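K.L.:
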Amino acid sequence: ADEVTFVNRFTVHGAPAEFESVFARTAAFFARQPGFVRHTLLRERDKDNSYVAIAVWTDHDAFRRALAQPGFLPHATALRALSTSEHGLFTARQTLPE
Amino acid sequence: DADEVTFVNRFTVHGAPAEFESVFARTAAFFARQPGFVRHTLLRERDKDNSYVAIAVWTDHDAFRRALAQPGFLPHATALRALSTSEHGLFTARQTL
Ligand SMILES: [Cl-]
Ligand SMILES: [Cl-]
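From first to last, the protein sequence lines stand for chains A and C.
Going by PDB author numbering, the first sequence opens with residue 11, and the numbers climb by one from there.
Going by PDB author numbering, the second sequence opens with residue 10, and the numbers climb by one from there.
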């Protein structure tokens, strides 16, 4: 649609359990932001410490409003503490089924 | 294992993006006829014309491997290898809201 997809690759350095906890609470916060559509956390099969998150928002503006929230900052901080992140924003060009 | 698998593949496109997308649409269409195909998305990084991520979901690791092993995959792997460089990983979904 007009919808953007945030993809975030995490290299987790500490305990994966602790990382997934910190993540869940991050996910919870975004889940109640206007324009939120969905979120997936992925774990790489042949590693303990590789992860990928995927967040869909209705539009760019909805997403940037969610990031500029003062409520997001402690989640951001906790994640940085526990992981190296390489992230980016995408559009969907082809989807199937659909 | 028995777990749902999400294949994630990063592409840098060196040839025409238009021809890359078209080849991909056919490739997705081929995947769509394979047992255990759940879904497929092709993403493009915003304000980059050459950076793509393809996300393919399969009911398990074996259905995915068997898709890639089919003779009819060969022309689609060939077309993409001529157009792009790529790095992939095999994942399992942990959370979803
Ligand atoms: Cl483990
Ligand atoms: Cl690459």
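Each residue gets a CB set at the ideal place from its N, CA and C atoms; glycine is no exception.
Please tell me whether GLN104/C and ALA27/A are closer than 8 Å, where the distance is taken between their beta carbons.
P.N.:
Contact: no.
K.L.:
Under the three-state reduction of DSSP, which class applies to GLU13/C: helix, strand or coil?
P.N.:
DSSP places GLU13/C in coil when its eight states are reduced to three.
K.L.:
Among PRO44/C, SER95/C and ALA91/C, which has the Cα closest to the Cα of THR21/C?
P.N.:
When only C-alpha atoms are compared, the closest one is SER95/C.
K.L.:
Expressed to the nearest angstrom, what Euclidean distance is found between the alpha-carbon atoms of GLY24/C and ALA86/A?
P.N.:
Near 37 Å, if we compare the C-alpha coordinates of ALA86/A and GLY24/C.
K.L.:
Any heavy atom of ligand 2 closer than 7 Å to the beta-carbon of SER31/C?
P.N.:
Incorrect: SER31/C has no Cβ contact closer than 7 Å to ligand 2.
K.L.:
Assign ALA78/C to one of three DSSP states: helix, strand, or coil.
P.N.:
Reduced to three states, the DSSP call for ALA78/C is coil.
K.L.:
With DSSP as the reference, label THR101/A as helix, strand or coil.
P.N.:
The answer is strand: DSSP assigns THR101/A an E or B state.
K.L.:
From the DSSP output, which residues share a beta bridge with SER95/C?
P.N.:
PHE20/C.
K.L.:
Whose C-beta lies closer than 7 Å to the C-beta of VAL17/A among residues of the same chain, with five residues either side of it excluded?
P.N.:
For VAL17/A, where only same-chain residues beyond five positions count, the Cβ hits under 7 Å are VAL62, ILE64, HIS97, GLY98 and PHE100.
K.L.:
Mind checking which residues open and close the beta strand (DSSP E) that includes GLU108/A?
P.N.:
Taken as a continuous stretch (DSSP letters only), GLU108/A belongs to no beta strand (DSSP E), as it is neither H nor E.
K.L.:
Measure the Cβ-Cβ separation of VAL14/C and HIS49/C and say whether it is below 8 Å.
P.N.:
No; because the gap between Cβ atoms is not below 8 Å, this pair is not in contact.
K.L.:
Please state if the CB of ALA78/C and the CB of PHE40/C are separated by a distance shorter than 8 Å.
P.N.:
Cβ atoms of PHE40/C and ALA78/C: not closer than 8 Å.
K.L.:
Give me the DSSP bridge partner(s) of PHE46/A.
P.N.:
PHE46/A is bridged to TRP67/A.
K.L.:
For ligand 1, I want to know if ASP10/C counts as a neighbour, meaning its beta carbon is within less than 7 Å of at least one of the ligand's heavy atoms.
P.N.:
No, the Cβ of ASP10/C stays beyond 7 Å of every heavy atom of ligand 1.
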